[PDB]
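Structure data (compact mmCIF, C-alpha atoms) from model.txt:
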```txt
# COMPACT_ATOMS: atom_id res chain seq x y z
CA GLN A 1 0.00 0.00 0.00
CA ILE A 2 1.04 3.62 0.60
CA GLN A 3 4.57 3.84 2.01
CA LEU A 4 7.16 6.40 0.92
CA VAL A 5 10.57 4.77 1.23
CA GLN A 6 12.42 8.01 1.94
CA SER A 7 16.02 8.66 0.99
CA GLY A 8 18.96 8.32 3.34
CA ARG A 9 21.39 11.03 4.31
CA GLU A 10 21.00 14.12 2.14
CA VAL A 11 24.29 15.93 2.66
CA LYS A 12 24.24 19.69 2.09
CA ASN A 13 26.74 22.55 2.25
CA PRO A 14 26.17 26.09 3.56
CA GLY A 15 23.86 27.39 0.87
CA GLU A 16 24.08 23.92 -0.68
CA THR A 17 21.25 21.67 -1.83
CA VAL A 18 19.06 18.98 -0.30
CA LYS A 19 17.12 16.32 -2.19
CA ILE A 20 15.06 13.59 -0.53
CA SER A 21 13.40 11.53 -3.23
CA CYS A 22 11.24 8.92 -1.53
CA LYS A 23 10.26 5.95 -3.69
CA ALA A 24 6.54 5.82 -2.95
CA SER A 25 5.35 2.24 -2.92
CA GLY A 26 1.64 2.39 -3.53
CA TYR A 27 1.80 5.17 -6.12
CA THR A 28 -1.81 5.08 -7.27
CA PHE A 29 -3.46 7.26 -9.89
CA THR A 30 -7.08 7.76 -9.08
CA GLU A 31 -8.33 10.29 -6.53
CA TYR A 32 -5.84 11.47 -3.95
CA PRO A 33 -2.43 13.03 -3.27
CA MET A 34 0.35 11.96 -0.93
CA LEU A 35 0.61 14.45 1.93
CA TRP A 36 4.31 15.24 2.28
CA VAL A 37 5.62 16.24 5.70
CA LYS A 38 8.71 18.10 6.87
CA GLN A 39 9.96 17.08 10.30
CA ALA A 40 11.76 19.53 12.56
CA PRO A 41 13.70 18.60 15.73
CA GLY A 42 10.76 18.94 18.11
CA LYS A 43 7.69 19.81 16.04
CA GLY A 44 6.46 16.30 15.31
CA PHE A 45 4.53 16.71 12.09
CA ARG A 46 4.90 19.66 9.71
CA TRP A 47 2.98 18.94 6.50
CA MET A 48 4.83 19.61 3.23
CA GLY A 49 1.68 19.46 1.11
CA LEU A 50 -0.26 16.90 -0.87
CA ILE A 51 1.35 15.28 -3.92
CA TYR A 52 0.37 11.93 -5.45
CA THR A 53 2.47 8.97 -6.56
CA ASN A 54 1.05 8.94 -10.10
CA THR A 55 -0.15 12.44 -9.39
CA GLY A 56 3.55 13.29 -9.55
CA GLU A 57 4.53 16.60 -7.92
CA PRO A 58 3.85 18.04 -4.45
CA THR A 59 1.51 20.86 -3.62
CA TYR A 60 4.00 22.21 -1.16
CA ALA A 61 4.05 23.41 2.43
CA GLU A 62 2.64 26.78 3.42
CA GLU A 63 4.94 28.13 6.16
CA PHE A 64 7.92 26.19 4.77
CA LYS A 65 8.95 28.89 2.27
CA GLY A 66 12.67 29.36 1.98
CA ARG A 67 14.45 26.31 0.54
CA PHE A 68 11.76 23.61 0.37
CA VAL A 69 9.88 22.68 -2.83
CA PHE A 70 8.14 19.38 -3.63
CA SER A 71 8.95 17.23 -6.67
CA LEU A 72 8.71 13.60 -7.69
CA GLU A 73 9.00 10.87 -10.31
CA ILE A 74 5.34 10.50 -11.26
CA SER A 75 5.48 7.37 -13.41
CA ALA A 76 7.32 5.37 -10.71
CA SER A 77 4.85 6.47 -8.00
CA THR A 78 7.73 8.25 -6.26
CA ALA A 79 7.73 11.64 -4.54
CA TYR A 80 10.42 13.91 -3.13
CA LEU A 81 11.21 17.12 -1.29
CA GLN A 82 14.09 19.18 -2.68
CA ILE A 83 15.39 22.04 -0.52
CA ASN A 84 18.23 23.93 -2.19
CA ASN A 85 20.04 26.90 -0.61
CA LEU A 86 20.81 25.14 2.66
CA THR A 87 20.53 27.31 5.76
CA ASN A 88 21.70 26.43 9.26
CA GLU A 89 18.60 24.53 10.43
CA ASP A 90 18.12 22.30 7.35
CA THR A 91 18.69 19.03 9.24
CA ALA A 92 15.39 17.20 9.53
CA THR A 93 13.13 14.27 8.65
CA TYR A 94 10.91 13.89 5.58
CA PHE A 95 7.79 11.84 4.83
CA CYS A 96 5.10 11.23 2.27
CA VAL A 97 1.57 10.11 3.10
CA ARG A 98 -0.18 7.83 0.62
CA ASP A 99 -3.96 8.31 0.50
CA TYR A 100 -5.00 4.68 1.04
CA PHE A 101 -6.48 4.29 4.38
CA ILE A 102 -8.33 7.40 3.20
CA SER A 103 -6.51 9.97 5.35
CA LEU A 104 -2.79 10.55 4.61
CA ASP A 105 -2.61 6.85 5.23
CA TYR A 106 0.87 5.88 4.15
CA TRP A 107 3.07 7.94 6.43
CA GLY A 108 6.71 8.30 5.54
CA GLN A 109 9.10 7.21 8.24
CA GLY A 110 11.43 10.13 7.67
CA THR A 111 14.41 10.94 5.48
CA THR A 112 17.42 12.57 7.14
CA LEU A 113 18.54 15.79 5.47
CA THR A 114 21.86 16.89 7.00
CA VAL A 115 23.20 20.23 5.74
CA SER A 116 26.03 21.46 7.97
CA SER A 117 29.62 22.67 8.12
CA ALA A 118 31.97 20.03 9.50
CA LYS A 119 35.08 17.92 8.91
CA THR A 120 36.02 16.18 5.65
CA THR A 121 36.72 12.46 6.10
CA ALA A 122 34.81 9.26 5.39
CA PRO A 123 34.37 6.91 8.36
CA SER A 124 37.12 4.57 9.52
CA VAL A 125 36.08 1.21 11.00
CA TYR A 126 38.11 -1.26 13.05
CA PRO A 127 37.59 -4.63 14.79
CA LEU A 128 36.36 -4.53 18.40
CA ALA A 129 37.20 -7.76 20.24
CA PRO A 130 36.19 -9.57 23.44
CA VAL A 131 38.34 -10.15 26.52
CA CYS A 132 41.90 -10.60 25.28
CA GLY A 133 42.24 -14.37 25.71
CA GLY A 134 39.17 -16.18 24.50
CA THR A 135 36.39 -13.65 25.17
CA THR A 136 33.88 -16.19 23.89
CA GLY A 137 30.91 -18.19 25.14
CA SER A 138 27.35 -18.63 23.94
CA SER A 139 28.08 -15.25 22.41
CA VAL A 140 31.52 -14.01 21.33
CA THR A 141 31.85 -10.26 21.33
CA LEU A 142 33.36 -9.21 18.02
CA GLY A 143 32.34 -6.11 16.16
CA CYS A 144 33.21 -3.05 14.13
CA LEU A 145 33.76 0.50 15.37
CA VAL A 146 33.24 3.10 12.62
CA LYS A 147 34.25 6.61 13.70
CA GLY A 148 35.24 9.78 11.89
CA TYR A 149 32.53 10.47 9.31
CA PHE A 150 32.43 13.87 7.62
CA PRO A 151 30.13 14.82 5.91
CA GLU A 152 27.11 12.58 6.38
CA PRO A 153 27.19 9.61 6.29
CA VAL A 154 29.58 6.98 7.59
CA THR A 155 27.74 3.66 7.73
CA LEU A 156 29.22 0.94 9.95
CA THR A 157 27.98 -2.40 11.28
CA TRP A 158 29.61 -5.02 13.52
CA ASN A 159 29.93 -8.49 12.00
CA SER A 160 28.56 -7.04 8.74
CA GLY A 161 25.02 -8.43 9.09
CA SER A 162 26.11 -12.04 8.62
CA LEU A 163 27.52 -12.22 12.17
CA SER A 164 25.27 -9.29 13.06
CA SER A 165 22.46 -10.91 15.06
CA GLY A 166 22.65 -10.33 18.80
CA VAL A 167 24.62 -7.08 18.48
CA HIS A 168 24.72 -4.08 20.81
CA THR A 169 25.66 -0.88 18.98
CA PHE A 170 26.46 2.42 20.67
CA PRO A 171 25.13 5.47 18.83
CA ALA A 172 26.92 8.19 16.90
CA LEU A 173 28.54 10.59 19.36
CA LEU A 174 29.83 13.95 18.19
CA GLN A 175 33.44 14.96 18.86
CA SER A 176 34.05 18.42 17.37
CA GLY A 177 31.83 17.40 14.47
CA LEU A 178 33.24 13.86 14.30
CA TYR A 179 30.59 11.16 14.27
CA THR A 180 31.58 7.96 16.05
CA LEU A 181 29.72 4.66 16.33
CA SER A 182 30.51 1.11 17.37
CA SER A 183 28.64 -2.15 16.97
CA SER A 184 29.59 -5.09 19.14
CA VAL A 185 28.42 -7.98 16.99
CA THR A 186 27.79 -11.17 18.96
CA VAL A 187 28.87 -14.25 17.02
CA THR A 188 28.76 -17.80 18.31
CA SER A 189 31.70 -19.84 19.45
CA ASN A 190 31.75 -21.02 15.83
CA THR A 191 30.21 -17.77 14.56
CA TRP A 192 32.84 -15.20 15.61
CA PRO A 193 35.65 -14.53 16.40
CA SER A 194 36.46 -18.23 16.52
CA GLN A 195 34.67 -18.26 13.17
CA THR A 196 34.58 -15.32 10.78
CA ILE A 197 33.41 -11.98 12.22
CA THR A 198 34.01 -8.60 10.56
CA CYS A 199 32.40 -5.17 10.88
CA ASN A 200 32.14 -2.92 7.80
CA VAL A 201 31.81 0.83 7.16
CA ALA A 202 31.47 3.20 4.19
CA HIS A 203 32.00 6.91 3.40
CA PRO A 204 31.41 8.28 -0.13
CA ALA A 205 32.40 11.78 1.02
CA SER A 206 35.93 10.46 0.54
CA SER A 207 34.68 7.99 -2.09
CA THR A 208 35.86 5.09 0.08
CA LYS A 209 34.88 2.20 2.36
CA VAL A 210 36.67 0.19 5.09
CA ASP A 211 35.89 -2.78 7.36
CA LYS A 212 37.67 -4.06 10.49
CA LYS A 213 37.67 -7.74 11.43
CA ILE A 214 35.62 -8.34 14.59
CA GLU A 215 37.57 -11.35 15.87
CA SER A 216 38.62 -12.27 19.39
CA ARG A 217 41.22 -10.06 21.07
CA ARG A 218 43.99 -12.73 20.84
CA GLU B 1 -50.46 64.11 -25.89
CA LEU B 2 -48.42 62.92 -28.86
CA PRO B 3 -48.74 59.17 -29.48
CA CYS B 4 -45.52 57.28 -28.81
CA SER B 5 -44.49 53.90 -27.42
CA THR B 6 -44.44 52.87 -23.77
CA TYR B 7 -42.97 49.77 -22.10
CA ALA B 8 -46.16 49.15 -20.14
CA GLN B 9 -46.37 47.70 -16.64
CA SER B 10 -48.66 44.74 -17.33
CA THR B 11 -46.50 41.73 -16.47
CA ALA B 12 -48.56 39.30 -18.60
CA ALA B 13 -46.55 36.52 -20.28
CA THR B 14 -48.84 36.41 -23.32
CA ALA B 15 -47.33 37.81 -26.50
CA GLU B 16 -44.00 37.60 -24.69
CA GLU B 17 -41.70 34.68 -24.01
CA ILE B 18 -38.42 33.74 -22.42
CA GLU B 19 -36.34 30.92 -23.82
CA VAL B 20 -36.64 28.69 -20.77
CA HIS B 21 -34.07 26.10 -21.82
CA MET B 22 -32.45 23.53 -19.57
CA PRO B 23 -30.32 24.69 -16.63
CA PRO B 24 -26.62 24.04 -17.24
CA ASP B 25 -24.69 21.71 -14.96
CA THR B 26 -22.91 23.75 -12.29
CA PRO B 27 -19.15 23.25 -11.88
CA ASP B 28 -18.41 21.72 -8.50
CA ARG B 29 -14.90 22.00 -7.10
CA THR B 30 -16.36 22.04 -3.57
CA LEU B 31 -17.59 18.45 -3.37
CA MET B 32 -14.74 15.96 -2.86
CA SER B 33 -12.26 16.51 -0.03
CA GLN B 34 -8.59 15.60 0.24
CA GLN B 35 -8.87 13.43 3.38
CA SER B 36 -5.52 13.78 5.15
CA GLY B 37 -3.89 14.83 1.89
CA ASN B 38 -5.38 11.82 0.07
CA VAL B 39 -8.55 10.61 -1.60
CA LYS B 40 -11.36 10.64 0.93
CA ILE B 41 -13.78 12.67 -1.20
CA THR B 42 -17.43 13.45 -0.45
CA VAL B 43 -20.63 14.00 -2.44
CA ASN B 44 -23.00 15.90 -0.10
CA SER B 45 -26.28 15.57 -1.96
CA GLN B 46 -26.18 16.35 -5.70
CA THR B 47 -25.74 14.88 -9.18
CA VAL B 48 -21.98 15.25 -8.75
CA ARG B 49 -20.29 14.49 -12.05
```
Would you mind writing the structure in this file as C-alpha cells?
Amino acid sequence: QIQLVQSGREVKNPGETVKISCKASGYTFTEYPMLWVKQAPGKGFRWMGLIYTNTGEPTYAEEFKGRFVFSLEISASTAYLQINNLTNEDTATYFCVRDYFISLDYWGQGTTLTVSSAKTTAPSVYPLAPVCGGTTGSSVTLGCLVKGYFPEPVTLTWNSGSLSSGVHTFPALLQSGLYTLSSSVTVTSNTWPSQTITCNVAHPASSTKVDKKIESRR
Amino acid sequence: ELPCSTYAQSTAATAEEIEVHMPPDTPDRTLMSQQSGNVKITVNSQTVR
C-alpha cells in the first residue's frame, strides 16, 4: 500500500542543496495526493503538502517557504522534497503520506537531510574484540567501530550483518563534528571470532569504504 | 399628448416569451475533499459528475 521509502542522508553545504526523493510504494493514480511532511527537531509533524504517486509533484508546504519545494518521479509512483540553498537549520526528517487508508494513510518514516559545516573524512572502522584471551561463550563479542565520518554519512555495522544478530551498537557521538559509532556484533563460538566476524563501514564523502575484522582479542 | 411607445407595466406573459431552456450543470470543485492529503472525497447531496 502507501509507504514512501524516503532517501537516506542528504548531505548539504552552507547554501548547498538537499534532495530527498522517496520511492513511494503504492503510487496510485485515481483520486488522492500523498501528503508530504517536513519534520523539525521537536515539532512532530509539519505537512509539506499533498502530492500523489502517479499524481507526480507536491503541492508544497505553506509556512515552509525558503528552501523547500516538492517534486517527484510520477510514473514510478515516487515523490520527493528538494530544498536547495541550505541554511543552518536544514537538518530534519521527511515523509510522504499515501492516501489509502483514506486519510494521509501511508506515512513516511522520515528521510534525514543533513546540511552542515563540518570535517572532511569518510568513516574509519576497526575490529572490536572480546576479553583478550578467549572472550567467547554462547556469544563471542566481536564487532566493528566506525568513527570519523564527515560529511554525512559513515555507515558501519559489527559483523557485517552475517555475524550481526545479537549485536549491541552504541550510537553516533559527536566529537568536534566527528561522528563515532561502534557495533559489538555477537557471534557464536563457531560464529565469531572463533569463526569469521568482521564489521564494515562506508563513506562516499571520501569515495571510500573500510571494514575491520571483529575477531577475538587474541 | 403625442402618441408614442411605452414599455407598459402589465406583467402578462402572453405575446412575450423567455427561452426557458435547460439549466446548465454547475461546476463543482467544492464536493470531494482531500482526506488527510489523500482521496477521501465526499458527495454531499447532488448529481456530482
To one decimal place, how far is atom CA of residue 173 of chain A from atom CA of residue 124 of chain A in Å?
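These atoms are spaced 14.4 Å apart.
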For the interface of chain B with chain A (cut-off 7 Å, counting all atoms listed in the file), please tabulate each contacting residue of chain B alongside its nearest pair of atoms and their separation in Å to one decimal, rows sorted by chain and increasing number, as a tab-separated table.
```
residue	atom	partner	partner_atom	distance
B:34	CA	A:32	CA	6.5
B:35	CA	A:103	CA	4.6
B:36	CA	A:103	CA	3.9
B:37	CA	A:35	CA	4.5
B:38	CA	A:99	CA	3.8
B:39	CA	A:32	CA	3.7
B:40	CA	A:102	CA	5.0
```
Please list as a VMD selection string every residue within 8 Å of residue 28 of chain A, counting all atoms listed in the file and excluding residues in the same chain fewer than 6 positions away.
chain A and resid 52 to 55 77
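Considering only C-alpha atoms, the residue among A:18, A:40, A:140, A:187 positioned nearest to residue 81 of chain A is A:18.
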Please list as a list in words every residue within 9 Å of residue 217 of chain A, counting all atoms listed in the file and excluding residues in the same chain fewer than 5 positions away.
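Residues meeting the cut-off are residues 128, 129, 130, 131, 132, 133, 134, 135, 142 and 193 of chain A.
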Quick one: pull the distance between atom CA of residue 109 of chain A and atom CA of residue 38 of chain A, Å, one decimal.
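Between atom CA of residue 109 of chain A and atom CA of residue 38 of chain A the gap works out to 11.0 Å.
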